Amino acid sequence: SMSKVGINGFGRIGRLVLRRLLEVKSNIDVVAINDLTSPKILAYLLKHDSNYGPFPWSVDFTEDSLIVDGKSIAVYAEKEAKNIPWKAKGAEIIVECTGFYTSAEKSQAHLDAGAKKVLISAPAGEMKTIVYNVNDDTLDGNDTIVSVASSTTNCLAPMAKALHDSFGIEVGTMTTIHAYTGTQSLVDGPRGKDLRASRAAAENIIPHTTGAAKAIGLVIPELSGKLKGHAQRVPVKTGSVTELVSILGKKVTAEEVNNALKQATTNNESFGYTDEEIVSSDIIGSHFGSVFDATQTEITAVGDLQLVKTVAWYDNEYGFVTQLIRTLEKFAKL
């Protein structure tokens, strides 16, 4: 049905979309890219990656294009999605990764410029928001603009889904200890209105708001309004970890929690398990959206009260991208 993709925002996520497509020998082809710079610079960045090393395929450029593994890809530099000649090269599905079109409204522009669907790499208000292998069954043939939420949502949802199915989550709160991202600052200085995002990212633990828990309802309707949470951004370049403290509907042991999660992760391409004593750098390059860590499970019980802490690692860049692509391969065949 659909096999031709445009990327808007050839950034950390945008470039990795291309990387992953090619790694899996997908039959979707990226045919156009829009950003704000030259093909020379986009090529430079695609070839040389500080988190994942040299691109595995040949890369070259001309004044209006990239050439990747011998195939040509048009490069545009339109600040406004309207102006992208998606039509020209035949781009059916826009992977929207700029951070500036996070609305059904705004991503409309891509359809105006002639693409048939848009997948947004971020939370985008009230729309179909898919975590692959949690709720991608809610996607139908009539969907045109869908969100794959945040990396944190891809981490939290599968862990929350398994606990809720096995035990029931009554209420919970999350904290993600999260790699710093391009929304933060290199040195202390203004970064819009958010005071904390103004601070040097590689030199600080920085509290930071996230909607992963607040909006979990879109992905797991039964948990709607039952979770809150935030982040602490810390000085690692990628690789993050989400802790969820829940009140569950049954009394449990750690062994029981971990066996329920082991079952949910078995033959599960999206959601991995470990009982090894890994650290964040071990998750870099993960092909899961989320890796449940059984070594960090903790049950605090005082009589009838019980707090359950469960922890899952995630490569907020590559890991999340593997989910984005799963959802895209599916969305393209409807």
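Counting begins at 1, following the sequence as shown.
Stretches 237 to 245 and 88 to 96 differ in mean CA B factor, with 88 to 96 having the higher one. Of the two segments, 185 to 193 and 122 to 130, the one listed with the higher mean B-factor is 122 to 130 (C-alpha atoms only). Considering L139, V219, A254, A200 together, the PDB entry gives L139 the largest C-alpha B factor. Comparing C-alpha B-factors across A115, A149, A179, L227 in the deposited entry, the largest value falls on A115. Ranked against the other modelled residues of its chain, the C-alpha B-factor of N258 as given in the entry falls in the lowest third. Among all modelled residues in its chain, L21 ranks in the highest third by Cα B-factor.
In this PDB entry, the Cα temperature factor of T144 sits in the top third of its chain's modelled residues, the highest group.
Annotation for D275: C-alpha temperature factor in the middle third relative to the rest of the modelled chain, per the entry.
In the deposited entry, the Cα temperature factor of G303 places it in the middle third of its chain's modelled residues.
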